[PDB]
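S.K.:
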Amino acid sequence: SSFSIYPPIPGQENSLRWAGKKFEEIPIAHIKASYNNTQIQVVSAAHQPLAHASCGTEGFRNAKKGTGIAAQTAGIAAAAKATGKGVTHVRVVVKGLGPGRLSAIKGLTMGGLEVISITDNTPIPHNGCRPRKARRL
Amino acid sequence: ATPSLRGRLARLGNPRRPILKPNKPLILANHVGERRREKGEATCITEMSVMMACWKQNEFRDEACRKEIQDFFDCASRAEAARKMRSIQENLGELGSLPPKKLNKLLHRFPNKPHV
Amino acid sequence: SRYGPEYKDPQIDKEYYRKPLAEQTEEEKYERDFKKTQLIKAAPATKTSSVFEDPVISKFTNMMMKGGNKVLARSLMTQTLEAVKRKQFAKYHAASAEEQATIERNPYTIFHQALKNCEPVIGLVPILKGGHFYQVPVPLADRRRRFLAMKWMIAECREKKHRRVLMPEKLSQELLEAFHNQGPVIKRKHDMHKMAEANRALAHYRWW
Amino acid sequence: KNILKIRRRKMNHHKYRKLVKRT
Amino acid sequence: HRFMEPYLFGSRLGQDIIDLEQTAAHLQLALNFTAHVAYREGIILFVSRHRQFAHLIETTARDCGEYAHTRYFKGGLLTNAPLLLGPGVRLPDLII
Amino acid sequence: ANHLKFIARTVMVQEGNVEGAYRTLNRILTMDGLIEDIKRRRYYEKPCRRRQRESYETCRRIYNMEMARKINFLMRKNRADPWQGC
Amino acid sequence: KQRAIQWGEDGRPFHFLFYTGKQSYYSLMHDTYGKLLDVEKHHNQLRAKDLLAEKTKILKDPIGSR
RNA sequence: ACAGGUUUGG
RNA sequence: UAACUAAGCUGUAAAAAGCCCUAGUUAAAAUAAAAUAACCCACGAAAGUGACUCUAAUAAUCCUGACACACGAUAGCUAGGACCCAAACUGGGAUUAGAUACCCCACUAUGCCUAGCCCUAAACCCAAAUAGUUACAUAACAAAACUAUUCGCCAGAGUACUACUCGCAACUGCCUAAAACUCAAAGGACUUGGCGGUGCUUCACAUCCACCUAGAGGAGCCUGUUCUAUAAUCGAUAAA
RNA sequence: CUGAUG
Ligand SMILES: [Mg+2]
Ligand SMILES: [Mg+2]
Ligand SMILES: [Mg+2]
Ligand SMILES: [Mg+2]
Ligand SMILES: [Mg+2]
Ligand SMILES: [Mg+2]
Ligand SMILES: [Mg+2]
Ligand SMILES: [Mg+2]
Ligand SMILES: [Mg+2]
Ligand SMILES: [Mg+2]
Ligand SMILES: [Mg+2]
Ligand SMILES: [Mg+2]
Ligand SMILES: [Mg+2]
Ligand SMILES: [Mg+2]
Ligand SMILES: [Mg+2]
Ligand SMILES: [Mg+2]
Ligand SMILES: [Mg+2]
Ligand SMILES: [Mg+2]
Ligand SMILES: [Mg+2]
Ligand SMILES: [Mg+2]
Ligand SMILES: [Mg+2]
Ligand SMILES: [Mg+2]
Ligand SMILES: [Mg+2]
Ligand SMILES: [Mg+2]
Ligand SMILES: [Mg+2]
Ligand SMILES: [Mg+2]
Ligand SMILES: [Mg+2]
Ligand SMILES: [Mg+2]
Ligand SMILES: [Mg+2]
């Protein structure tokens, strides 16, 4: 049982299949987890969006969509709208450190989606644009 | 390893600018800080999952599947016994970790000597 | 509080002493229990060495008793057992020879089986985390489960009956329903199990 | 401590600046 | 300790070595001063706080007829003696 | 952006285990220092505070390392006292 | 009543642990430790000579001795 | 200057 | 800036305001800045400097030494250019009795480059430079106590980083810098209480929760209070 | 979350 946590780079001759497809054909699920909202959007391998569901579109409100239950419901709805189009496996791309980070991830499994690759793509500026000032002066 | 300390503080013999600005004098105290309510994790989660699987599959009845009901109780009893026996075994022994109540008495036997 | 720390619990079982030679491991502790000059508390007025009484029946009568009127709860339990026995005898005499080999008539057995059927498995504990209370599913002890199973039945027979229906008459039907697992106590137990299964995702919040 | 005299000089300089702005 | 440089002979790879010549000279002087006190009926108290030979020191003091002290040394023992020991006591004439 | 996709900060699950893979990915970022870096870059800090934070962290690390070293050096003397009652 | 005379007319204390604060308690501790060392050496000699003629007198359950 | 009084809970 | 998807996005402890030419993904110049390495301590006289490469280059066969000469962070000024992002000011939305503040949104000067000024900092390592010592020696704390040659300062505190002068591309400025008057104090460290709307730990066997029993808040009555009403008691009137 | 004075 030789299992490597490294992703199956297309440059190699590895044979890893999910539902008959290769790792390059598996759809993507972008989960932008901000500090006040968690958006989930499902796109195909050709960068074509399939399903879109956010904590705001789930019927929540200002402080209600910041909790983890809102991200879990958003993930359930996204998984439902994705399975409505016939998808099996997905690659989760997490963006931003928010409270609904793991909730939106487990929401897809609770709504019926198989998570195979969790990629953390968080924007880390190499001292680029100057961010806002500090609070509690 | 331990980071270097030469040429860090502000002294008369140091010709460069001091690098480290200590809030308090870097003297090793004779008593460690008390651990902020060392906690533990739950138990028998995997045994409860396979137990509730019977309820979700057979429509919430215990007469259908039984071993998933007995192993759960066995895990609960073993956890209840380990919560009471280890709470004394680990406080009597010192193989692994130890509370600060003993670290303080261990350090006071061989304290630091700031003077002389 | 009048019993100091040196007072231990009594031992009412006569058979525990009627065979002291048949074993050595039990003799080893019984030969020192008195040689240590250990003081023993007084035998309770509700518990005796009678072979027809049961600690489960005693606990249920104590939980049913309101205030301090003990004879009222005793008579209620007697009437309940009598009604159960007579209804089972009626069902036995109104059945055929095939159902006679399956229908039981033991009131103690029916009561204990009903309690075992109504005994829950896992409960819910409110844990405060992040300023909110979450109902974490937690395994309960045997005494906790039995106490909940008895209290649910007692509360249902107290509040969910009619003024014309008596407590023994209502409990005689509740026990027969709990024996066949078709009663509101089993319904409440299944509701508890469903609410625990719906919250099992919060099991990582428990610390014991 | 020394913040007494520091704040004293601060208040004096602030009053001087306000006087300059007024006149 | 800084006051051991004149009483040390050298250092063999970190471990210091004591000069046994001066050791024996000081030991001769110490034993002479100890014998004279015991001859002149002097109270000799072996004070030594070390939990390895506390039994040996007490046995030596018992066999010598002199007094020993290897337990927790109290604060006002020798100073506040008229309150710790008794009304009027006789302090040890020699401490070892 | 210009680098290849699904290579940097990627963890492959095994047998559909999601929680363990997420904990592994999180430990990766904590050991690499990205979690604290993002939590610090959320709001801009001035160099007057940056130097102070660096000095504080250096002193804290030095003190913790010295305490751990002395604890590991004195752990031998934790055994039962063989000279009790002397 | 109070404590008896500790030192004679010459001033020399009678007991050998008078300068310890508890000339009775510390003497008892010393005698107990001496008997313990003697018993330890006796048991070691017995183990070396392959002789086990003693028993464990610690279980005082039927006696009730505290 | 052979000095003393005077700040402060001290 | 273009293409697909959705009616929502940002926003706080909670909201509102703002934007719905909005939001996510795929691509995308110009400008600003330069993650980890850094637990490193080097360079430079100091301020200062750590995204990469190239050219030039970092004085004194080496004492101290100005009011002379030359530099001198951010902030400010002038002219030209740039403007992603942050933001003085300003306009709104919260909270407060009030908030022209801390909280949220938009936006400007400004932060960015060249040329020319202004020459200020807790410019603090509050410890001057040059060659050394561990001798005597703890006011307190702090970075232990000191030698020989020097440079520049120090005469109670407030008045006072003030006015009057001189000089300065500076003109609400900078350097130098008093006096009248008021008081017998003004100051640094320390010891102990008190306090803290800054912290950490501890347990309560009717106690906080996990939990058990019986009660008040629903009806009437009694009784005691706070109120209206009279010429018509009073005290108590948070745990207590 | 906020709460002024003696
Ligand atoms: Mg400090
Ligand atoms: Mg401290
Ligand atoms: Mg003034
Ligand atoms: Mg004073
Ligand atoms: Mg609005
Ligand atoms: Mg542009
Ligand atoms: Mg950079
Ligand atoms: Mg230098
Ligand atoms: Mg040079
Ligand atoms: Mg020169
Ligand atoms: Mg602009
Ligand atoms: Mg902006
Ligand atoms: Mg405004
Ligand atoms: Mg500028
Ligand atoms: Mg400048
Ligand atoms: Mg500076
Ligand atoms: Mg200065
Ligand atoms: Mg002192
Ligand atoms: Mg000079
Ligand atoms: Mg003056
Ligand atoms: Mg100035
Ligand atoms: Mg001026
Ligand atoms: Mg209570
Ligand atoms: Mg009543
Ligand atoms: Mg009422
Ligand atoms: Mg009333
Ligand atoms: Mg009254
Ligand atoms: Mg009154
Ligand atoms: Mg009064």
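Residue numbers (the deposited numbering), protein chains in the order written: chain AK, 60 to 196; chain Am, 2 to 117; chain AG, 35 to 242; chain An, 128 to 150; chain AB, 98 to 193; chain AU, 2 to 87; chain AI, 134 to 199. We put the CB at the ideal spot given by N, CA and C, even for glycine.
Pick out whichever of AB:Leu153, AB:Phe106 and AB:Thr131 has its Cα sitting closest to the Cα of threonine 120 (chain AB).
M.R.: Residue 120 (chain AB) sits at position 23 when you count from the first residue of the fifth sequence. Minimum Cα distance to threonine 120 (chain AB) is reached at AB:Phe106.
S.K.: Under 8 Å, Cβ to Cβ, is there at least one residue of chain AU near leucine 93 (chain Am)?
M.R.: Position 92 of the second sequence, counted from the start, is the residue given in the question as residue 93 (chain Am). Answer no: the Cβ-Cβ gap between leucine 93 (chain Am) and chain AU never drops below 8 Å.
S.K.: Kindly indicate which three-state DSSP category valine 14 (chain AU) falls into: helix, strand or coil?
M.R.: Taking the first residue of the sixth sequence as position 1, residue 14 (chain AU) is located at position 13. Coil, per DSSP.
S.K.: Do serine 93 (chain AK) and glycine 155 (chain AK) have their C-beta atoms within less than 8 Å of each other?
M.R.: Sequence index remark: in the first sequence, residue 93 (chain AK) carries index 34 (1-based). Sequence index remark: in the first sequence, residue 155 (chain AK) carries index 96 (1-based). Against a cut-off of 8 Å, the Cβ pair of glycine 155 (chain AK) and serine 93 (chain AK) comes out as a contact.
S.K.: Within the segment 159 to 235 of chain AG, note down every full beta strand (DSSP E) run reaching 3 residues or more, in order along the chain.
M.R.: Within the segment 159 to 235 of chain AG, the complete beta strand (DSSP E) runs of at least 3 residues are 166 to 173.
S.K.: Can you list, in chain order, the residues of its chain with a C-beta nearer than 6 Å to that of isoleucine 114 (chain AB)? Leave out the 5 residues immediately preceding and following it.
M.R.: What you label residue 114 (chain AB) is simply residue 17 of the fifth sequence in a count that begins at 1. Excluding residues within five positions, the ones whose Cβ falls inside 6 Å are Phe106 and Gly107.
S.K.: Please check if any C-beta of chain AU sits within less than 8 Å of the C-beta of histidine 152 (chain AB).
M.R.: To locate residue 152 (chain AB), count along the fifth sequence from 1; it is residue 55. True, the Cβ-Cβ gap to chain AU drops below 8 Å.
S.K.: Is the beta carbon of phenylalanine 94 (chain AG) less than 8 Å from the beta carbon of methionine 201 (chain AG)?
M.R.: Taking the first residue of the third sequence as position 1, residue 94 (chain AG) is located at position 60. Taking the first residue of the third sequence as position 1, residue 201 (chain AG) is located at position 167. No, these two residues do not count as a Cβ contact at 8 Å.
S.K.: Assuming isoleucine 177 (chain AK) and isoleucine 85 (chain AK) make a contact with CB atoms under 8 Å, what is their CB distance in whole Å?
M.R.: Counted from its first residue, the first sequence places residue 177 (chain AK) at position 118. Counted from its first residue, the first sequence places residue 85 (chain AK) at position 26. Rounded, the Cβ-Cβ distance is 12 Å, inconsistent with contact.
S.K.: Could you spell out where the alpha helix (DSSP H) holding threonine 97 (chain AK) opens and where it closes?
M.R.: Here residue 97 (chain AK) corresponds to residue number 38 of the first sequence, with the count starting at 1. No alpha helix (DSSP H) contains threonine 97 (chain AK), which is instead part of the beta strand (DSSP E) from 97 to 102.
S.K.: Any contact between the segment 60 to 69 of chain AK and the segment 125 to 136 of chain AK? By contact I mean 3 or more CB pairs, one from each, below 8 Å.
M.R.: No, because fewer than three Cβ pairs between the segment 60 to 69 of chain AK and the segment 125 to 136 of chain AK fall closer than 8 Å, the two stretches do not touch.
S.K.: Go ahead and pull the three-state DSSP assignment for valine 155 (chain AG).
M.R.: As a position in the third sequence, residue 155 (chain AG) is number 121, starting the count at 1. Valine 155 (chain AG): coil per DSSP, three-state reduction.
S.K.: Would you please state the rounded distance, in angstroms, between the beta carbons of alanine 80 (chain Am) and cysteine 45 (chain Am)? I believe it to be under 8 Å.
M.R.: Mapped onto the second sequence, residue 80 (chain Am) falls at position 79. Mapped onto the second sequence, residue 45 (chain Am) falls at position 44. Confirmed, Cβ separation roughly 6 Å.
S.K.: Please check if any C-beta of chain AB sits within less than 8 Å of the C-beta of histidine 176 (chain AI).
M.R.: Here residue 176 (chain AI) refers to the residue found at position 43 of the seventh sequence. Taking Cβ atoms only, chain AB never reaches closer than 8 Å to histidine 176 (chain AI), which makes this a no.
S.K.: Sort AU:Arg42, AU:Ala22, AU:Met13 and AU:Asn3 by Cα distance to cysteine 188 (chain AK) and report the nearest one.
M.R.: Start at 1 with the first residue of the first sequence, and residue 188 (chain AK) comes out as number 129. Taking only the C-alpha atoms, the option nearest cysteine 188 (chain AK) is AU:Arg42.
S.K.: Rank AK:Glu72, AK:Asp179, AK:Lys123 and AK:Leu167 by C-alpha distance to the C-alpha of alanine 110 (chain AK) and give the top, closest one.
M.R.: Working through the first sequence from its first residue, we reach residue 110 (chain AK) at position 51. Of the candidates AK:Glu72, AK:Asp179, AK:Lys123 and AK:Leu167, the one whose C-alpha sits nearest the C-alpha of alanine 110 (chain AK) is AK:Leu167.
S.K.: By Cβ distance, which residues of its chain are closer than 6 Å to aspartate 179 (chain AK), with the 5 residues on each side in sequence left out?
M.R.: Translated into the one-based positions of the first sequence, residue 179 (chain AK) becomes position 120. Correct list, in chain order: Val153.
S.K.: Using a Cβ-based criterion (distance less than 7 Å to any ligand heavy atom), does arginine 9 (chain Am) qualify as near ligand 8?
M.R.: By one-based count along the second sequence, residue 9 (chain Am) stands at place 8. No, ligand 8 has no heavy atom inside 7 Å of this Cβ.
S.K.: Ligand 2 and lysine 22 (chain Am): does any heavy atom of the ligand fall closer than 7 Å to the residue's C-beta?
M.R.: In the second sequence, counting from the first residue as 1, residue 22 (chain Am) sits at position 21. No, since every heavy atom of ligand 2 falls outside the 7 Å radius drawn around the Cβ of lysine 22 (chain Am).
S.K.: Nearest to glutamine 85 (chain AU) by CA position, among AB:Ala178, AB:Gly162, AB:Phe150 and AB:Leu110, is which residue?
M.R.: Here residue 85 (chain AU) refers to the residue found at position 84 when the sixth sequence is read from its first residue. Checking every option, the nearest Cα to that of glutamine 85 (chain AU) belongs to AB:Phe150.
S.K.: From the DSSP output, in three-state form, read off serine 78 (chain Am) for me.
M.R.: Reading the second sequence from its first residue, position 77 is the one you call residue 78 (chain Am). Helix, per DSSP.
S.K.: Between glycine 127 (chain AK) and the rest of its own chain, which residues show a CB-CB distance below 7 Å, the 5 nearest in sequence each way excluded?
M.R.: Stepping through the first sequence from its first residue, residue 127 (chain AK) is reached at position 68. Once the five neighbours on either side are set aside, the close Cβ partners of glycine 127 (chain AK) are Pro158, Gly159 and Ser162.
S.K.: Between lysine 228 (chain AG) and chain Am, is there a C-beta pair that is closer than 8 Å?
M.R.: Locating residue 228 (chain AG) in the third sequence gives position 194, where the first residue counts as 1. So yes, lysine 228 (chain AG) belongs to the interface.
S.K.: Going by beta-carbon coordinates alone, are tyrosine 159 (chain AI) and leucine 169 (chain AI) separated by less than 8 Å?
M.R.: Counting from one through the seventh sequence, the residue named residue 159 (chain AI) turns up at place 26. Counting from one through the seventh sequence, the residue named residue 169 (chain AI) turns up at place 36. Not closer than 8 Å, so no.
S.K.: Less than 8 Å between C-beta atoms, sequence neighbours within five positions excluded: which residues of the same chain meet that for residue 21 (chain AK)?
M.R.: Given a span of 60 to 196 for chain AK in the structure shown, any question on residue 21 (chain AK) remains unanswerable.
S.K.: Can you tell me which of AB:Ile140, AB:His166 and AB:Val186 puts its alpha carbon nearest to the alpha carbon of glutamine 156 (chain AI)?
M.R.: Along the seventh sequence, one-based indexing puts residue 156 (chain AI) at 23. If we check each option's Cα against that of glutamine 156 (chain AI), AB:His166 comes out closest.
S.K.: How should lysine 192 (chain AK) be labelled, buried or exposed, when 16 other C-beta atoms within 10 angstroms of its C-beta is the threshold for buried?
M.R.: Numbered from its first residue, the first sequence carries residue 192 (chain AK) at position 133. It counts as exposed.
S.K.: Quick one: Cα of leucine 161 (chain AI) to Cα of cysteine 87 (chain AU), how far?
M.R.: Residue 161 (chain AI) sits at position 28 when you count from the first residue of the seventh sequence. Residue 87 (chain AU) sits at position 86 when you count from the first residue of the sixth sequence. The alpha-carbon atoms of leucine 161 (chain AI) and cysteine 87 (chain AU) are separated by roughly 11 Å.
S.K.: Answer yes or no: does any C-beta atom of chain AI fall closer than 8 Å to that of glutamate 155 (chain AB)?
M.R.: Your numbering for residue 155 (chain AB) matches position 58 in the fifth sequence. At least one chain AI Cβ lies under 8 Å of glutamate 155 (chain AB).
S.K.: Please name the residue, chosen from AG:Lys53, AG:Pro160 and AG:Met99, that lies closest to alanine 189 (chain AG) on a Cα-to-Cα basis.
M.R.: Within the third sequence, the letter at position 155 stands for residue 189 (chain AG). Nearest C-alpha to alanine 189 (chain AG): AG:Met99.
S.K.: Among the candidates AG:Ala131, AG:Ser84, AG:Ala148 and AG:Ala117, whose CA atom is the shortest distance from the CA of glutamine 216 (chain AG)?
M.R.: Here residue 216 (chain AG) refers to the residue found at position 182 of the third sequence. Comparing Cα-Cα distances from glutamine 216 (chain AG) to each of AG:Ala131, AG:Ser84, AG:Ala148 and AG:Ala117, the minimum goes to AG:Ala148.
S.K.: Name the chain AG residues that come within less than 9 Å of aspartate 143 (chain AI), Cβ to Cβ?
M.R.: For this step, residue 143 (chain AI) is matched to residue 10 along the seventh sequence. Result: empty, since nearest Cβ-Cβ is about 53 Å, beyond 9 Å.
S.K.: Shorter than 8 Å from the beta carbon of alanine 82 (chain Am) to some beta carbon of chain AG?
M.R.: Stepping through the second sequence from its first residue, residue 82 (chain Am) is reached at position 81. Chain AG contact via Cβ: absent.
S.K.: Does the contact criterion of 3 or more C-beta pairs under 8 Å hold for the segment 12 to 31 of chain Am versus the segment 47 to 62 of chain AU?
M.R.: The segment 12 to 31 of chain Am vs the segment 47 to 62 of chain AU: in contact.
S.K.: For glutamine 135 (chain AI), would you say it is in contact with chain AB, using Cβ-to-Cβ distances shorter than 8 Å as the test?
M.R.: Position 2 of the seventh sequence, counted from the first residue, corresponds to residue 135 (chain AI). Taking Cβ atoms only, chain AB never reaches closer than 8 Å to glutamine 135 (chain AI), which makes this a no.
S.K.: Note down, one range per segment and in chain order, each beta strand (DSSP E) of at least 3 residues found wholly within the segment 152 to 181 of chain AB.
M.R.: Counting only runs of 3 or more, we get 164 to 166.
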